[PDB]
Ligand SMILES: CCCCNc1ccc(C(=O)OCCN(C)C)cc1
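Okay, here we've got a single chain as structure tokens, the form deposited without the named molecule, with questions on binding and movement later.
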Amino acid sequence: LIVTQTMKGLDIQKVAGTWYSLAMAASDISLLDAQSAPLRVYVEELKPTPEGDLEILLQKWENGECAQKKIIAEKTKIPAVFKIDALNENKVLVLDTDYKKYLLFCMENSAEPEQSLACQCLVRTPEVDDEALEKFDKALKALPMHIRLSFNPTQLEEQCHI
């Protein structure tokens, strides 16, 4: 309830498959700081279940190396908002997506909106899409982000992005 944009007419069946966290942003430095920051996570694949939920496979640096984690985003009354009870967040919002190239989503905690917001720009291929980052910044200009990371292709092809 802070992010003012959501996708109208989303079909998660179409966002299935392999993805790359091309860009990340958060309202707090400490959320994305080092490789071991809480919301510093890398999306591998999105798998929507027949029930309408979404299985998210991500990578994160838990201790000594890249640990592949699994999160289950449960559907709600709004097709673009899902409920998770994982990385200190409650909701996952899909802002925009053309299904074939990029997907923009944000994560937040309903209790502490301003201190948890973390958004990403996922892309289908390990390339750098300028059009995507453009849309991502545009959706980002109305939010209080204080840190903003972008990755290069070589990094996109590595577990935990090197």
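Shifts are known only where both forms have a C-alpha. One rule holds for the numbers: they count along the sequence shown, beginning at 1. In this text, the rigid core denotes the largest set of C-alpha atoms whose superposition between the two forms falls within 1.5 Å.
When the other compared entries with both flanking residues are checked, residue 111 is unmodelled in at least a third. For residue 90, the record comparison shows coordinates present in all the other entries of this protein that model its neighbours, with no third of them leaving it out. Comparing the deposited coordinates for 92-100 and 37-45, the stretch with the larger average C-alpha B-factor is 37-45. When the mean C-alpha temperature factors of 66-74 and 128-136 are read from the deposited coordinates, 66-74 comes out higher. The PDB entry assigns its highest CA temperature factor, among 59, 30, 115, 120, to 115.
From this point on, the text means the form solved in complex with the named molecule, which you will not see here.
When the named molecule is considered in the bound PDB entry, residue 78 lies well away from it, no heavy atom lying within 4.5 Å. At a distance threshold of 4.5 angstroms between non-hydrogen atoms, residue 38 is in contact with the named molecule in the bound PDB entry. The Cα shift for residue 84 between this form and the one not shown, taken after rigid core superposition, is smaller than 2 angstroms.
Remark: 85-89 is the one run between this form and the one not shown in which three or more consecutive shared residues have Cα displacements of 2 Å or more on core superposition.
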